[PDB]
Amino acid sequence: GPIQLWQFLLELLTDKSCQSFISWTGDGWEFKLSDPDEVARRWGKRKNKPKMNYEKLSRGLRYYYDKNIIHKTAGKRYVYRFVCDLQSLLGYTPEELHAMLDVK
């Protein structure tokens, strides 16, 4: 079972106990790694990569640009946005998930 990066992020983004380092911005599917190092750290443990960091992690994200899985919110640091049909994948709309997560 090899989880992919974009799926790891979704996993973090739907667990309240993770809002400290990663969270939805309240605008659709846009999200922010408030503490990229902690995200990278956890991404590193899951994949067994002791030397993982936000630099390498984000190169992973950049490869999603053409795959249109995740796009970059230009100008906002550590801010990206899922551009794929997450409403169909998760079954929730951004509002519903935000409400359910207590996103502010």
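Start at 1 with the first residue shown and count on from there.
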| query | finding |
| --- | --- |
| Of 47-55 and 61-69, the stretch whose C-alpha atoms average the higher B-factor in the entry | 47-55 |
| For residue 92, the third of its chain into which the C-alpha B factor falls | highest |
| Within-chain third of residue 14 by Cα B-factor, per the entry | middle |
| Third of the chain, ranked by Cα B-factor, where residue 25 sits | middle |
